[PDB]
Amino acid sequence: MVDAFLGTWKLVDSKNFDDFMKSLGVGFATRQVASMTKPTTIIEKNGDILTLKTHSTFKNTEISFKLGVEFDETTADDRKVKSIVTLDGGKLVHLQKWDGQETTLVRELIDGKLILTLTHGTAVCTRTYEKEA
Ligand SMILES: CCCCCCCCCCCCCCCC(=O)O
C-alpha cells in the first residue's frame with residue numbers, strides 16, 4: 001500500500017541536511033548549493049514498479065525499483081550502492097549499503113506532508129515535502 005506516497009512533492013523545510021551530507025563526505029561547495037536547493041520529488045507506480053524522480057536546479061536523479069527487491073543505485077553524491085525499498089509500519093524505507101556502510105532514507109506521511117528522514121552515522125536529517133496539485 002504505497003498509494004498515499006504517489007505524486008509530486010516539493011521541499012518546504014530541512015533540518016540537519018548539512019550534517020548528513022558532511023557525514024557522507026560531500027564537499028563544502030556541494031553542501032553550500034544543496035543547502036539552498038528545493039527539490040521536487042515525483043513518485044509514480046506502474047504495477048509493482050515504483051519510479052522516484054528528484055529534480056532540482058542543481059542535481060537530478062531517477063530510480064526505478066520493485067518493493068522488496070535489491071537494485072543497484074548511483075546516488076546524487078556519486079555513491080555506488082546496493083539498495084532496497086520496503087514498506088515498514090506504513091513508511092517507505094530505503095536502505096543503501098556500500099563499503100560496509102549503511103544510509104537510510106525513511107519516508108512517512110504526517111498530516112498529509114511527506115517527512116523524509118535521512119540517517120548516516122550519527123547524523124539525522126529531517127526534510128519535509130508538501131504536495132504539488
Ligand atoms: C536534489 C539535490 C540534492 C543535492 C544534494 C547532493 C549531495 C548530497 C546527496 C545525498 C543523498 C540524497 C539526498 C536526497 C535528499 C532529498 O531527496 O531531499
# chains A, B, ... in the order shown; residues from 1 in each chain; ligands from 1
>>> residues_near_ligand(ligand="ligand 1", cutoff="6 Å", atoms="only C-alpha atoms and all ligand atoms", output="list in words")
residues 21, 34, 39, 54, 55, 56, 58, 59, 60, 75, 76 and 77 of chain A
>>> write_last_selection(atoms="C-alpha atoms", output="compact mmCIF listing (two decimals), in the first residue's frame")
# COMPACT_ATOMS: atom_id res chain seq x y z
CA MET A 21 25.97 15.49 3.78
CA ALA A 34 22.44 21.89 -1.72
CA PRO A 39 13.94 19.70 -4.93
CA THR A 54 14.27 14.02 -7.68
CA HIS A 55 14.52 17.22 -9.71
CA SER A 56 16.28 20.46 -8.93
CA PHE A 58 21.48 21.52 -9.02
CA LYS A 59 21.24 17.74 -9.37
CA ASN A 60 18.70 15.38 -10.71
CA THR A 75 23.29 8.41 -5.62
CA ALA A 76 23.22 12.18 -6.17
CA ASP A 77 26.61 12.36 -4.38
>>> select_by_dssp(residues="chain A", states="strand (DSSP E)", output="PyMOL selection string")
chain A and resi 7-15+40-46+49-55+61-66+71-74+80-88+91-98+101-110+113-120+123-132
>>> atom_distance(atom1="CA of residue 107 (chain A)", atom2="CA of residue 42 (chain A)")
13.1 Å
>>> closest_atom_pairs(of="region 45-67 of chain A", to="region 78-85 of chain A", cutoff="8 Å", atoms="only C-alpha atoms", output="Markdown table")
| residue | atom | partner | partner_atom | distance |
| --- | --- | --- | --- | --- |
| A:65 | CA | A:85 | CA | 7.7 |
| A:66 | CA | A:85 | CA | 7.7 |
| A:67 | CA | A:85 | CA | 5.3 |
>>> write_last_selection(atoms="N, CA, C and O atoms", output="tab-separated table (two decimals), in the first residue's frame")
chain	number	residue	atom	x	y	z
A	65	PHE	N	12.36	0.74	-9.10
A	65	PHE	CA	12.56	-0.44	-8.27
A	65	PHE	C	11.25	-1.13	-8.02
A	65	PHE	O	10.16	-0.53	-8.08
A	66	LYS	N	11.34	-2.40	-7.67
A	66	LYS	CA	10.23	-3.19	-7.12
A	66	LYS	C	10.40	-3.23	-5.61
A	66	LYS	O	11.53	-3.43	-5.14
A	67	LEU	N	9.34	-3.01	-4.77
A	67	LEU	CA	9.47	-3.13	-3.33
A	67	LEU	C	10.02	-4.49	-3.03
A	67	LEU	O	9.59	-5.54	-3.58
>>> residues_around(residues="residue 18 (chain A)", least_positions_apart="6", cutoff="12 Å", atoms="only C-alpha atoms", output="ChimeraX atom specification")
/A:24-36,118-120,123-127
>>> closest_residue(among="A:23, A:128, A:37, A:14", to="residue 102 (chain A)", atoms="only C-alpha atoms")
A:23
>>> atom_distance(atom1="CA of residue 111 (chain A)", atom2="CA of residue 69 (chain A)")
29.2 Å
>>> select_by_dssp(residues="region 23-125 of chain A", states="helix (DSSP H, G or I)", output="list in words")
residues 23, 28, 29, 30, 31, 32, 33 and 34 of chain A
>>> residues_around(residues="residue 86 (chain A)", least_positions_apart="2", cutoff="10 Å", atoms="only C-alpha atoms", output="PyMOL selection string")
chain A and resi 2+66-70+84+88-95+106
>>> atom_distance(atom1="CA of residue 45 (chain A)", atom2="CA of residue 132 (chain A)")
17.1 Å
>>> residues_around(residues="residue 129 (chain A)", least_positions_apart="6", cutoff="8 Å", atoms="only C-alpha atoms", output="PyMOL selection string")
chain A and resi 9-13+113-116
>>> write_last_selection(atoms="C-alpha atoms", output="PDB file, in the first residue's frame")
ATOM      1  CA  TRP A   9       6.112  16.849  -3.760  1.00  0.00           C
ATOM      2  CA  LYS A  10       8.133  19.985  -3.053  1.00  0.00           C
ATOM      3  CA  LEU A  11      10.629  20.641  -0.299  1.00  0.00           C
ATOM      4  CA  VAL A  12       9.326  23.089   2.310  1.00  0.00           C
ATOM      5  CA  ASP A  13      11.591  22.503   5.356  1.00  0.00           C
ATOM      6  CA  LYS A 113       3.044  16.018   4.457  1.00  0.00           C
ATOM      7  CA  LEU A 114       5.812  13.663   3.467  1.00  0.00           C
ATOM      8  CA  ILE A 115       8.584  13.551   6.027  1.00  0.00           C
ATOM      9  CA  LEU A 116      11.925  12.221   4.784  1.00  0.00           C
TER      10      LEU A 116
END
>>> closest_residue(among="A:130, A:44, A:19, A:62", to="residue 6 (chain A)", atoms="only C-alpha atoms")
A:44
>>> closest_residue(among="A:64, A:122, A:117, A:57", to="residue 15 (chain A)", atoms="only C-alpha atoms")
A:117
